[PDB]
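Here is the structure we will look at.
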Amino acid sequence: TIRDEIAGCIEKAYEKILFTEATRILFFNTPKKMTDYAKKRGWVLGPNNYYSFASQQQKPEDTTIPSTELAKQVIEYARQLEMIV
Amino acid sequence: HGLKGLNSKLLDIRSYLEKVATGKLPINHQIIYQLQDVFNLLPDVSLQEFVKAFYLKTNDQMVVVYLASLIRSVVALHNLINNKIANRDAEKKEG
Amino acid sequence: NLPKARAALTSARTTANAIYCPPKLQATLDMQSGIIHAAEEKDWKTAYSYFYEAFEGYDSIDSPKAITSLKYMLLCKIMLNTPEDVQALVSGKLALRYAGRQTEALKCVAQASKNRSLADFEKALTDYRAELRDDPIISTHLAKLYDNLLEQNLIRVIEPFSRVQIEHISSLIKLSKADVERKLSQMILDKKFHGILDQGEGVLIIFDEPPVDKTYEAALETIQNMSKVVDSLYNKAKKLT
Amino acid sequence: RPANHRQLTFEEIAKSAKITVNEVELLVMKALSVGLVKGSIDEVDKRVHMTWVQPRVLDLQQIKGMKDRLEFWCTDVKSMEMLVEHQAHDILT
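Protein chains in written order, with the deposited numbering: chain d, 173 to 257; chain Z, 196 to 290; chain X, 182 to 422; chain a, 284 to 376.
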């Protein structure tokens, strides 16, 4: 329950953390757990380093759609003004 | 306005399709498509092409909702307070 | 010494009405009232008005004293730049009476006040340097002018187009960061100038946009409504218990 | 096209009308005086913006193209217009 948090906690969001820096927390030497991370995370496997590309991540806009539901909010809002009336 | 607006929309668009089929002339011409293309300043088709009018859509509702929020607050202060005042003055002083 | 000048002026307040007729005291006291109060920088027009009062009382006196009286009053018109009394004094029949050499140079000094025009002001500054020496306070008279005439030519260059580069617009005033842009930063504080600068790319942006209309008209009325309920809380608790 | 898609890029005019970038000004601005389009031109990105439109004649594919994008305004608005009639008929009565 702590081991799977190394992937969850550390990011999002950091830029790039070096190879042996992540190994300092994971201990061992070159375990298959960090190898399974390179699969699971994905994320990135870089040489002598790890990357968060791309980028930081997914670049939320977030959305231009909520302008729709804003008109939906006025529907019941104008209805509440008519309930009084 | 949607009923009477869009029913003549369907009655004419079915007769305009009938043109190619039969009843030609009227060609018309040209008055039919001309002002229809004046209707085409906004179509409005998928989807609404409002990217410039999107933020402006809610921005026209900006103050309308704000005042409706501001008026109902003080109108309540006029309605709620004054009702409670005059009510308890008659209610409890009678018995 | 301002306090010693006023103390000598304060003793003259009861001295003018002490004897029978001044014969001229209060009129001279008015000119003395146009010195210390002028050093106090109370009102530019009233102090200039005391020179007009003294000039009305300077009729039929020693001419060297009258020929040097226009040195102070016409150069006082230089500091003000808006006395509004320009045409009243100098165009009257009493002020045109002096044809002497020293007053003819003062007649164009009174015209130099009507001139302004820093192109001309910096020019005649050397020609009138002799009259500049007779100025009772040489710095303050021309400092309030030069500081005021500064933005007079600045509102000309900044007006036509909205945004201007800060390096060239401050090149006519010869420098940017030290004083000007700090004085221009004070203009937003004095409300005389509405805009904002850019330090990195050097572009001054002017915006009068951000109004305050609907908001203070709302919250300030609610703050008053807080006194409606609190004052009614006395009625509430009194009738119930 | 149904557009908008109103503002147009100069490269598109340089494709269809196959005109050089320096001559697009005289091109589209002359149409402003002719009266087929009133749209001002955006010269920062050099994109030519359109306003209004000039209709000309008609074709058999234009009627079929009409019924697609014309009645689509009829079926979309009346569908949600019933939603205005449905919910808000109770507060009226």
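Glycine is no exception: its CB is placed at the ideal position from the N, C-alpha and C atoms.
| Query | Result |
| --- | --- |
| With 16 as the cutoff for other CB atoms within 10 Å, does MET312/a come out buried or exposed? | exposed |
| Let me confirm a value: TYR415/X is counted as buried when at least 16 other C-beta atoms fall within 10 Å, else exposed. Which label applies? | exposed |
| Counting contacts by CB-CB distance shorter than 9 Å, is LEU306/X in contact with chain Z? | no |
| Quick check on the DSSP output: the alpha helix (DSSP H) that includes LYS355/X runs from which residue to which? | Counting along the chain, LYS355/X falls outside any alpha helix (DSSP H), and DSSP gives it neither H nor E. |
| Looking at chain Z, is there any beta carbon in it that lies within less than 9 Å of the beta carbon of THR235/d? | no |
| Could you tell me which of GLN405/X, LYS417/X, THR422/X, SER413/X sits nearest to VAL269/Z, measuring between CA atoms? | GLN405/X |
| Under 9 Å between the Cβ atoms of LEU210/X and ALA193/X? | yes |
| Between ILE208/Z and chain a, is any beta-carbon pair separated by less than 9 Å? | yes |
| Enumerate in chain order the residues of its own chain whose CB-to-CB distance from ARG289/a is below 6 Å, with the five nearest sequence positions on each side excluded. | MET333 |
| Taking only beta-carbon atoms, is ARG251/d less than 9 Å away from chain a? | yes |
| Return yes when the Cβ of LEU251/X is within less than 9 Å of the Cβ of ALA219/X, no when it is not. | no |
| Alpha carbon to alpha carbon, how far is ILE347/X from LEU365/X? Give it in angstroms, no decimals. | 11 Å |
| Can you pull the chain a residues whose beta carbon is under 7 Å from the beta carbon of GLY197/Z, in chain order? | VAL360, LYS361, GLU364 |
| Strictly by DSSP, which residues pair up with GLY218/d? | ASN221/d |
| For the alpha helix (DSSP H) holding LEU366/a, just list the boundary residues, first then last. | 354-371 |
| Report the residues of the region 382-402 of chain X with a CB closer than 7 Å to any CB of chain Z, ordered along the chain. | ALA399 |
| Once DSSP output is grouped into helix, strand and coil, what is the label at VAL260/Z? | helix |
| Around the C-beta of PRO221/Z, are 16 or more other C-beta atoms found within 10 angstroms, so that it is buried, or is it exposed? | exposed |
| Please report the straight-line C-alpha distance between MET257/Z and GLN252/d, rounded to a whole angstrom. | 17 Å |
| Just to confirm the assignment, what range does the alpha helix (DSSP H) spanning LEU190/d have? | Premise fails: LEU190/d lies in the beta strand (DSSP E), 188-190, not in any alpha helix (DSSP H). |
| Would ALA243/d count as contacting chain Z if we go by Cβ distances under 9 Å? | yes |
| Check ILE377/X in the structure and name its three-state DSSP category. | strand |
| Rounded to whole angstroms, what is the Cα-Cα separation between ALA400/X and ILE266/Z? | 12 Å |
| Going by beta carbon distance, what residues of the same chain come within less than 6 Å of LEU366/a, once the five residues before and after it are set aside? | none |
| Just to confirm, is the Cβ distance from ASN262/X to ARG314/X under 9 Å? | no |
| Quick check on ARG330/a: does DSSP put it in helix, strand or coil? | strand |
| Please list, in chain order, the residues of the region 298-326 of chain a that have any C-beta partner in chain Z closer than 8 Å. | none |
| Less than 9 Å separating the beta-carbons of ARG337/X and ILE386/X? | no |
| Since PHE236/X is in the alpha helix (DSSP H), which residue starts that stretch and which ends it? | 225-238 |
| Quick test of your reading: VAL271/X and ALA247/X, contact by CB under 8 Å. State the CB separation rounded to the nearest angstrom. | Not really, about 15 Å apart at Cβ, beyond 8 Å. |
| Counting C-beta neighbours from all protein chains within 10 Å, is the total for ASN220/d 16 or more, i.e. buried, or is it exposed? | exposed |
| Let's see if you can read the secondary structure: which residues bound the alpha helix (DSSP H) around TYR211/Z? | 197-216 |
| At which residues does the alpha helix (DSSP H) containing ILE387/X begin and terminate? | Taken as a continuous stretch (DSSP letters only), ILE387/X belongs to no alpha helix (DSSP H), as it is neither H nor E. |
| For a quick check, are the C-beta atoms of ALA300/a and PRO238/Z less than 9 Å apart? | no |
| The alpha helix (DSSP H) that contains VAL411/X, what's its start and end? | 397-421 |
| Can you tell me the Cβ-Cβ gap for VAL336/a and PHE293/a, rounded? I've got them flagged as a contact below 8 Å. | No, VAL336/a and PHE293/a are not in contact; Cβ-Cβ is about 20 Å, not under 8 Å. |
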